[PDB]
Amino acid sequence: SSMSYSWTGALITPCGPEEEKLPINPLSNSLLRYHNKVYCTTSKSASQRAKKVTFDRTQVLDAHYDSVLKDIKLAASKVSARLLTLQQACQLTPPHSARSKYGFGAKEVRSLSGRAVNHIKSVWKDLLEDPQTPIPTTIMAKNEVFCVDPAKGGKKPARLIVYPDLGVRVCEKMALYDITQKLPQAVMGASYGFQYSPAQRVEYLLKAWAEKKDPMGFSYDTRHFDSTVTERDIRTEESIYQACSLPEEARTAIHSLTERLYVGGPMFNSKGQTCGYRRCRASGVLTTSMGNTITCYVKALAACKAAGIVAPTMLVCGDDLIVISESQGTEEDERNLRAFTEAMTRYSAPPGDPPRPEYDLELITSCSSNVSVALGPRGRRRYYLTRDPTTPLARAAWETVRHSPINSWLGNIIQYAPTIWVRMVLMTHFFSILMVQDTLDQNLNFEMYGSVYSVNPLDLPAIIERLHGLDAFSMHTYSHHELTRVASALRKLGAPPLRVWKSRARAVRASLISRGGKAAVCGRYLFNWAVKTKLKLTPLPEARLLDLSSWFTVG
């Protein structure tokens, strides 16, 4: 049937100059030594990505699909969604959102300047009146940081980002923002993965696991998901949106966004040249996350029925999926997974790596993470979310004139606070750096799901207790997998081994303690793992007082 993309041969050009690594990395050169291994993707590789994501989709649905989709529409029909006012939508624009071609930017949008508001009014009017003319988009290469991988070819090509003008982006929110906040939760319930903190994700997976008489679990991820989404998938997404009760004006804008933007359209590079035409998900539109997540769910659940998965419990985040189910014996389990993959493949969601059944929860990786186990203060098993620290360490070492890595250190410290790598390596580095700079009490930003939260370093103990529990400060006897993976990642980036971080941490602890106040609390709680004779850590009063519920939720 349809090609994901077609190309005119015009280059995908840089969206500004692309920042230079420097000869000295003064904030991370005591974290690790192999700076040569840390790179950022750029437009120079966009052509290679374009080639890998351009292909012909043929899609073949069946009765399991029809049946799932039907259930999902019923579920959607219970949702009432409203238009956002033009002004509400304006003010949800992020502060550095890329400016309009029409002579205004995010500052103006967010402040509701008259020029910007009037442009947007007219964009909205045109959406209500013209349901057909394709809306032009810009295509750009994503700049992201990774550690080189010789196994997988050295350096990954840049992902492709496709987005419409700022004025349209505002209009998307008027039409769909309220739906983005309600629909996924309504159609998926507990299966919607972007509602859970790391501890909650763990709790849910363990509960799912313990509920089966004889569990089997697997993960799945689609190769290049956005390019595999069909025009028909996208119109099906609309029909799911339209099943909610909406005012008529929303219906009209939603249909018009669908036909003019979401299903496809022409693409221009940053120099304004025609670059290509698209017939798949534009990653960059408002509906990217909701769309990916709902369409993944529909396909996956239909594929579960097709393969005969018994008592499936799912967890879906975009195109990342875990399914925990009742094992039918390893022989049938393996057949069932092949049938799952074949069905997903008919549905136009082929796998990156073929999935495989597992019967031990530590061995399942989804959303770049997995559940592991360690022992707590009282010797009980304690489960928590971890990941390979390779990419976090590489991002910990991205330092340019334009970019400081300190916020990424913080982000990882918060999300992965119970992990051996955060506690021994990143915490030790973070605190050492800030003490020496004398910036310990200076607020930093925590970035998550596109939101930004201001955090003071000296409040970490309370934040961590609240988010992960007091046991995050007393885990020991980490697992073989985790010890092996962390040691290996450190060697690979030329970082000191864990025993050296332990010595460093003793010294960081003592300095923190010597400063008194909140600093000393950080030393006692965050680095109790580092001393010979432990302290008895007690609940922090400030922790009871904190509400962090918005950090890890969409809705």
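All residue numbers refer to positions in the sequence shown, first residue = 1.
Of the two stretches examined, 356-364 and 446-454, the record assigns the greater average C-alpha temperature factor to 446-454.
Looking at 268-276 and 310-318 together, the entry lists the larger mean B-factor for 268-276, computed on C-alpha atoms. The top Cα temperature factor in the record, among 420, 148, 127, 323, falls on 127. If you compare the C-alpha temperature factors of 299, 223, 173, 101 in the entry, 101 comes out highest. Among the modelled residues of the chain, residue 136 sits in the highest third by CA temperature factor in this PDB entry.
Residue 429: CA B factor in the lowest third of modelled residues in this chain (values from the PDB entry).
In the PDB entry, a CA B factor belonging to the lowest third of its chain's modelled residues is recorded for residue 206. Residue 167 sits in the lowest third of its chain by CA B factor, as recorded in the PDB entry. Ranked against the other modelled residues of its chain, the C-alpha B-factor of residue 523 as given in the entry falls in the middle third.
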